[PDB]
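The structure appears below as structure tokens.
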Amino acid sequence: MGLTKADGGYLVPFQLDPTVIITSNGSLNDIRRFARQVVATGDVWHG
Amino acid sequence: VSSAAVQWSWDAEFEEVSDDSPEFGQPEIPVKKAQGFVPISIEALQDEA
């Protein structure tokens, strides 16, 4: 009788960590720190 | 409910009366439905004034 499932390993509680880990890379970009940002009202901006 | 009027008559002495039962009728009015519909985009609902 050890830790194998068929020899008593079915009595051990199952442990889970509900938190999720992000596995993507993402992107870090810096245009918006230098560029000119405007707020529009319709669907087209002219100049 | 609709009906008509009883039809009297001028009768002599010792004269049998006539059967003057009225005749009823019932109007009927069914109810019908009308609908109108116009969709909109999410874009226009925000941009248009």
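Letters for chains follow the order of the structure tokens (A, B, ...), residue numbers begin at 1 for each chain, and ligand numbers begin at 1 in the order shown.
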
What residues in chain A have any atom no more than 10 Å from chain B when counting only C-alpha atoms, and can you write them as a compact mmCIF listing (two decimals) with N, CA, C and O atoms, in the first residue's frame?
```
# COMPACT_ATOMS: atom_id res chain seq x y z
N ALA A 40 -12.32 62.76 -31.42
CA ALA A 40 -13.24 63.01 -32.52
C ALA A 40 -14.68 62.94 -32.05
O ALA A 40 -14.98 62.51 -30.94
N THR A 41 -15.58 63.39 -32.91
CA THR A 41 -17.01 63.34 -32.60
C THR A 41 -17.80 62.56 -33.64
O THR A 41 -18.77 61.88 -33.27
N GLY A 42 -17.43 62.64 -34.91
CA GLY A 42 -18.13 61.89 -35.93
C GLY A 42 -17.39 60.63 -36.32
O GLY A 42 -16.92 59.89 -35.45
N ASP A 43 -17.28 60.37 -37.62
CA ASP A 43 -16.58 59.20 -38.11
C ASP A 43 -15.33 59.52 -38.91
O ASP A 43 -14.58 58.60 -39.24
N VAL A 44 -15.09 60.79 -39.24
CA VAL A 44 -13.91 61.19 -40.00
C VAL A 44 -13.36 62.48 -39.39
O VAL A 44 -14.12 63.35 -38.94
```

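For the pair CA of residue 30 (chain B) and CA of residue 5 (chain B), the interatomic distance is 27.6 Å.
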